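**Student:**
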Amino acid sequence: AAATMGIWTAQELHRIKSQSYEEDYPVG
Amino acid sequence: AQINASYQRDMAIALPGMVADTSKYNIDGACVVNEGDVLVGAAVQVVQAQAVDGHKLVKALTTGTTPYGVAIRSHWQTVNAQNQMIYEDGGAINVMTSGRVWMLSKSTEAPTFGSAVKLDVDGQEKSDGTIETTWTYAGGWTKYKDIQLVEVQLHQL
Amino acid sequence: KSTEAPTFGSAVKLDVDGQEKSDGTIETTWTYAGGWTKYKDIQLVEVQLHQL
Amino acid sequence: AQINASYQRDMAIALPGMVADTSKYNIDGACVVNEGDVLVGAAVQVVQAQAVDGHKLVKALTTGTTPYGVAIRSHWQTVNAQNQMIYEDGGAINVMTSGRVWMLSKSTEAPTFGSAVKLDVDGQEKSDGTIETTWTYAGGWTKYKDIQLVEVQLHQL
Amino acid sequence: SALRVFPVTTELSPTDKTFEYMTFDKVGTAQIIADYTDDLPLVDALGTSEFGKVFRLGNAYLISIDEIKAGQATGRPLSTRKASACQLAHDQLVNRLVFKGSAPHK
Amino acid sequence: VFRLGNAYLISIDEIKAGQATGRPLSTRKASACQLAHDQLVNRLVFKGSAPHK
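Chains as they are written, first to last, in our numbering: chain A, 1 to 28; chain B, 1001 to 1157; chain C, 2001 to 2052; chain D, 3001 to 3157; chain E, 4001 to 4106; chain F, 5001 to 5053.
1. Please check if any C-beta of chain A sits within less than 8 Å of the C-beta of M1011 of chain B.
2. Does the beta-carbon distance from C1031 of chain B to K1056 of chain B come in below 8 Å?
3. Check each residue of the segment 4030-4042 of chain E: if its Cβ is closer than 8 Å to any Cβ of chain D, include it; give the result in chain order.
4. Scan the segment 5020-5050 of chain F for residues whose Cβ lies nearer than 8 Å to a Cβ of chain D and list them as they occur along the chain.
5. Can you grab the Cα-Cα spacing for the pair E1035 of chain B / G3099 of chain D, in whole Å?
6. If you draw a straight line from the alpha carbon of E4011 of chain E to that of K17 of chain A, how long is it in whole angstroms?
7. Roughly how many angstroms lie between the CA atoms of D1053 of chain B and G5018 of chain F, to the nearest whole one?
8. Select from D:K3106, D:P3067 and D:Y3144 the residue whose C-alpha is nearest the C-alpha of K3126 of chain D.
9. Between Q5039 of chain F and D3010 of chain D, which are expected to be in contact by the criterion C-beta below 8 Å, what is the C-beta distance as a whole number of angstroms?
10. Taking the DSSP output, what are the residues bridged to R4096 of chain E?
11. Is the Cβ-Cβ distance between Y3137 of chain D and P3111 of chain D less than 8 Å?
12. Please identify, using Cβ separations under 7 Å, the residues of the segment 3117-3145 of chain D that lie next to chain F, in order along the chain.
13. With DSSP as the reference, identify every bridge partner of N3026 of chain D, one or two as the case may be.
14. Pull up the distance between the alpha-carbon of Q1082 of chain B and that of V3121 of chain D, whole angstroms please.
15. By the criterion of Cβ-Cβ separation under 7 Å, what are the contact partners of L4046 of chain E in chain D?
16. Tell me the residue span of the alpha helix (DSSP H) that contains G4052 of chain E.
17. In chain order, what residues of the same chain have a beta carbon less than 7 Å from the beta carbon of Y4061 of chain E, not counting five sequence neighbours either side?
18. Quick one: list the residues of chain A neighbouring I1147 of chain B, beta-carbon separation under 7 Å, in chain order.
19. Starting from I5012 of chain F, trace the beta strand (DSSP E) both ways and give me its first and last residue.
20. Assess contact between the segment 3013-3033 of chain D and the segment 3086-3099 of chain D, defined as three or more Cβ pairs (one per stretch) separated by less than 8 Å. Is contact present?
21. Need the endpoints of the alpha helix (DSSP H) that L1149 of chain B sits in, please.
22. Quick check on the DSSP output: what are the complete beta strand (DSSP E) runs of length 3 or more inside the segment 1051-1098 of chain B, in order along the chain?
23. Kindly say whether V3101 of chain D, judged by its beta-carbon, lies nearer than 8 Å to any beta-carbon of chain F.
24. Measure the Cβ-Cβ separation of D3021 of chain D and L4042 of chain E and say whether it is below 8 Å.
25. Kindly list, in the order they appear in chain F, the residues whose Cβ is closer than 9 Å to that of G28 of chain A.
26. Is there contact here, the segment 3071-3078 of chain D with the segment 3012-3020 of chain D, by at least three beta-carbon pairs under 8 Å?
27. For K2013 of chain C, list the residues DSSP reports as bridge partners.
28. When the Cα atoms are used, what is the spatial distance from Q1084 of chain B to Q1077 of chain B?
29. Beta carbon of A1042 of chain B, beta carbon of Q1124 of chain B: below 8 Å?
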């Protein structure tokens, strides 16, 4: 049950895209 | 007064599912995990080999199946899970079809040199496993902390 | 000269002139690999060879 | 040439487990999740109330237990799980003992105004739930996408 | 025409294996009130996210010395033809992935 | 003539988290309230209310 994992974590190879999407609610 | 003291510690020999020597070996890419998870030091069965595309769909060994190869250790392809290194569904595998690798063993006694290897249902080496292979032992027999390892010589199918 | 796809692991059998055939007479120690295609009107198959 | 077009869309009324109005409400802190996870729009049970320290052990409703409060939506204390907002084991919870709140529902018929609220075994509002509660309906009855919500008025136990 | 009819971006660096994008939303309402109301509606908000992955391709080719010498002496190299075939294979495989996809690779 | 109204809540921890991450919540809630007011005015204009005549 020893830890035989790697060296790099999952968040070291990960990108968050700059754009974000917001739904629009027209007034009328 | 006091007497100075010095200590010494030796590192381990091997980790599960890693190559042993630099002898002739043949790793295979272009393999896809059809279903489930594959441990690093475990046998692999081939569900189906595509004709046009060429990829081979692999899976963890089960009852009544012929083993094909053993996965190996890499710090890039493998996914970190279950406090170890595993291969996930829908991802490539590095399967060894020939060479020498350190496998996982459920055995408790040291093996001989040139005897055939027997595997159990889940693809780990066992002294009296039901599944019979064409591979032979290589001599290596050690353990890492609480994990038992064994060295095996593989041949091409 | 065969007309059906072969299995992954099975012995390769050739005819009397050296072309693979499913029901051939000559038996070899080679095994199939999986490739099964056709170029124009020529039928091809992939095999794995071993040293004699 | 062409005729211009203008559209109009209305927002949803409310989300599960949020304070419905600004009427007299009481929210109790110093409550720790003893075991398991608690959904935001669900009732809770008081396992034990410490006599010296003051913390109250809270847990999700089970069979044959009186409800005590309803969890409240917060963007800081809560932890996102199963694509939902949830409270994990340990930490602090925000349960309100008196006020109005939108709650998860399984009934399909709109309720009356001054009728008692009945809950199921899992702490969600149901028309024919086995658990009987002193809380009464408030008239709110809406649905967010595929989630049914009902407004319920709570009283201090 | 996979790359021609669909946009191409350059956000990801070579070493990444995954990416993520997020969205948001809100809810609310209003009502007619009177003096000494002591009762007003409320609003809130939410958000989510999603993920993706990246892959790798490769092929190879062979040639000998006599073929190289024959190609140089006849004005018809074979290395250029083999390299062109190698690049074309990559382009067509990318097109196949875009327009048909592969079931085992999800 | 008539009158309308609504409200919203926020705590200190949420304010500090918003200032430390660049995603304020108060602005979103205020925008939601203003949009609700405008939509309610539109609803009154184009559909009307029966109990309020």
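C-beta atoms are modelled at their ideal positions from N, C-alpha and C, and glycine is treated no differently.
**Tutor:** Walking through what the data contain:
1. It does not: the Cβ of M1011 of chain B has no partner Cβ on chain A nearer than 8 Å.
2. Cβ distance < 8 Å, so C1031 of chain B and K1056 of chain B count as in contact.
3. Answer in chain order: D4038, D4039, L4040, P4041 and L4042.
4. So the list reads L5025, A5032, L5035, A5036, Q5039, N5042 and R5043, given in the order they occur along the chain.
5. Distance between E1035 of chain B and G3099 of chain D, taken at the CA atoms: about 50 Å.
6. Taking the straight line joining both Cα atoms gives about 8 Å.
7. Distance between the alpha carbons of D1053 of chain B and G5018 of chain F: 51 Å.
8. Its Cα nearest to that of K3126 of chain D, the residue D:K3106 stands out among D:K3106, D:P3067 and D:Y3144.
9. Contact holds; Cβ gap of about 6 Å.
10. Note: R4096 of chain E sits in no beta bridge, so no partner.
11. Remark: C-beta atoms of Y3137 of chain D and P3111 of chain D approach each other more closely than 8 Å.
12. Residues passing the 7 Å Cβ filter: none.
13. Answer is D:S3098.
14. Cα-Cα distance, rounded: 34 Å.
15. Ordered by position in chain D, the residues that pass the 7 Å Cβ test against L4046 of chain E are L3015.
16. No alpha helix (DSSP H) contains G4052 of chain E, which is instead part of the beta strand (DSSP E) from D4044 to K4053.
17. If the five residues before and after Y4061 of chain E are omitted, its C-beta is found closer than 7 Å to the C-beta atoms of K4082 and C4086, all from its own chain and listed in chain order.
18. Residues of chain A with a Cβ closer than 7 Å to the Cβ of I1147 of chain B are, in chain order, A2.
19. For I5012 of chain F, there is no enclosing beta strand (DSSP E); the residue is found in the alpha helix (DSSP H) stretching over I5012 to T5021.
20. Between the segment 3013-3033 of chain D and the segment 3086-3099 of chain D, the count of C-beta pairs closer than 8 Å reaches three or more; the two stretches touch.
21. It is not in any alpha helix (DSSP H) - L1149 of chain B instead sits in the beta strand (DSSP E) that spans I1147 to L1154.
22. Complete beta strand (DSSP E) runs here, min 3: 1056-1060, 1069-1071, 1079-1081 and 1084-1087.
23. Between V3101 of chain D and chain F, the shortest Cβ-Cβ separation is not below 8 Å.
24. The answer is yes: Cβ separation under 8 Å.
25. In chain order: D5038, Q5039, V5041, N5042, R5043, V5045 and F5046.
26. Here the segment 3071-3078 of chain D makes contact with the segment 3012-3020 of chain D; the two share three or more CB pairs at distances below 8 Å.
27. For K2013 of chain C, which the question treats as bridged, DSSP gives the partners C:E2027.
28. Cα to Cα, the separation comes out at about 13 Å.
29. Yes. Within cutoff.
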